[PDB]
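Questions regarding the structure given below will be posed in turn.
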Amino acid sequence: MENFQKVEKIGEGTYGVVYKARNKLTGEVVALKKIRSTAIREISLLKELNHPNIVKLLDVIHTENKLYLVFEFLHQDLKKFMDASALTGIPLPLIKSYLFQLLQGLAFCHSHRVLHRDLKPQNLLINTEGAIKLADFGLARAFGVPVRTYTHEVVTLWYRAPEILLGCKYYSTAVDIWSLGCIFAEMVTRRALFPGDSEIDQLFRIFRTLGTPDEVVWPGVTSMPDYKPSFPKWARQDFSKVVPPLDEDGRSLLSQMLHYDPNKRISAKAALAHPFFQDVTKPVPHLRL
Ligand SMILES: CCCC(=O)Nc1n[nH]c2c(F)c(F)c(-c3ccccc3)cc12
């Protein structure tokens, strides 16, 4: 656009290129996404769902075969922070604060019947004040999640809920709770929980750890579109081996976020009340920009 002076290319989204840009009339520093009627309607609605833990959508510009999304700018993402902290780990008080803030953002969006559907460390942004925000919220409802991005990069399957993998057509808010639990486990262990490299590999990795689901733990599972009776029958592993050395409060919360049945899986609202959050504080991270 004419009103923006581009400083640099900052990344590649699922849909388009992301630039760091400066507004010419306001001097405001923003993140500018360049993409490529019903989709425009859905995205215009996103200008109203404002929360401190949701990246602000400042403006929507549709012109000459392009869709421009003007976003609030944050200096770092959780993926790079996790990589930079790989040797010593992220301290437990910070993991806790980040999880607490993320659950607040989810509780707000879910209360307005808006789900993310594609949470990953790459779309979780952080600042020097100890804040963490969810980016790209609502874009999956508007365009759907493709197999590959606009650059042909493979879209990650690692944080995908089992009901999605099993062919359900109606996703609930429980899908975001699953992804966030996978992220929680990764911050604690410094390794991906379920690093699948295909839909079947992802599903069988979930099954190997949590046990192959049945009509006992998940009513209706055997009737789901992509369910096969030929699926190998794996035993559930003990949670103490899943995320060591996380305490019992953390392990209890993680087990509830990873329930197979989307109706049994803890809500963002109920997660905020879990005893794990009794001693939450707001520490600041050690970022060098
Ligand atoms: C090192 C982080 C620098 C950065 O890109 N900051 C950003 N500031 N604001 C942003 C934003 F609103 C975004 F939507 C994305 C984004 C993230 C993942 C996938 C697609 C888009 C990134 C940023």
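These residue numbers are counts, starting from 1, taken along the chain as shown.
According to its header, the structure was obtained by X-ray crystallography, 2.0 Å.
Even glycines carry a Cβ here, placed using N, Cα and C.
As listed in Swiss-Prot for this protein:
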ACT_SITE  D118  active site, proton acceptor
BINDING   10-18, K33, 72-74, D77, 120-123, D136  ATP binding site
BINDING   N123, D136  Mg(2+) binding site
MOD_RES   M1  N-acetylmethionine
MOD_RES   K6  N6-acetyllysine
MOD_RES   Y15  phosphotyrosine
MOD_RES   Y19  phosphotyrosine
SITE      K9  site 'CDK7 binding'
SITE      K79, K80  site 'CDK7 binding'
SITE      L157  site 'CDK7 binding'
Check the Cα distances from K33 (ATP binding site) to each of the recorded positions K6, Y15, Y19, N123, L157 and keep only the ones within 10 Å.
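Close recorded positions: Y15, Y19.
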Around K79 (site 'CDK7 binding'), which residues of its chain at least 6 apart sit with Cβ under 8 Å of its Cβ?
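Looking at Cβ-Cβ distances below 8 Å from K79 (site 'CDK7 binding'), excluding near sequence neighbours, one finds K120, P121, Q122, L124.
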Near ligand 1, which of the recorded positions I10, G13, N123, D136, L157 are found, taking a Cβ distance under 6 A to any of its atoms?
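The ones that qualify, in sequence order, are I10, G13, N123, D136.
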I'd like to know which of the modified residues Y15, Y19 has the most other Cβ atoms within 10 Å of its Cβ.
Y15
Give me the count of other Cβ atoms within 10 A of the Cβ belonging to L74 (ATP binding site).
17
Identify which of the recorded positions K6, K33 has its Cβ surrounded by the largest number of other Cβ atoms within 10 Å, counting every protein chain shown.
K33
Considering only the recorded positions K9, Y15, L74, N123, which fall within 10 Å of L157 (site 'CDK7 binding') when distances are taken between Cα atoms?
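Among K9, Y15, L74, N123, not one has a Cα sitting within 10 Å of that of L157 (site 'CDK7 binding').
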Whole-number Å only: compute the distance from the Cα of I10 (ATP binding site) to the Cα of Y19 (phosphotyrosine).
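About 5 Å separate the Cα atoms of these two residues.
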What's the CA to CA span in angstrom from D136 (ATP binding site) over to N123 (Mg(2+) binding site)?
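Rounded to the nearest whole number, the Cα-Cα distance is 7 Å.
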Between the Cα atoms of the residue listed as 'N6-acetyllysine' and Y19 (phosphotyrosine), what distance do you get, rounded to the nearest Å?
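Rounded to the nearest whole number, the Cα-Cα distance is 7 Å.
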